[PDB]
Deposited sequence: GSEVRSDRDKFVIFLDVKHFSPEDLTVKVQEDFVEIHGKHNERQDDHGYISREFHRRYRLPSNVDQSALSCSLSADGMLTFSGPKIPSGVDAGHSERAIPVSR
């Protein structure tokens, strides 16, 4: 987990390496991002393992909830992001190298 928020955007990075994309759900409700995962795996000798989590995050009030995106990388990182809407009211300048 890393949650980053700047003037331009809000981003959640969440390591979910033990989960398949179909195991995950992401919902936004009442100004919270709600992320759930559940993965079940058969073991040797008729055992099984279930891994499960929930993560609730507060969503800043200026994130555009009509422009949210979420993706899962091949290496198991979930990225959830949204741009911030300008309200009309120091500014970092990128240094290229």
### Chain regions without C-alpha coordinates, deposited sequence numbering
1, 91-95
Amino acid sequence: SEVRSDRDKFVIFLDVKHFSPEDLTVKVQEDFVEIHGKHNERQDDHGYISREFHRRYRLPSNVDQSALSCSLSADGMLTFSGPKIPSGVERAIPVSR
From here on, numbers count along this sequence of modelled residues.
### Mean temperature factor over C-alpha atoms, higher-scoring stretch between 26-34 and 40-48
40-48
## Note on the structure
Looking only at C-alpha temperature factors in the entry, 68-76 or 52-60, the higher average sits in 68-76
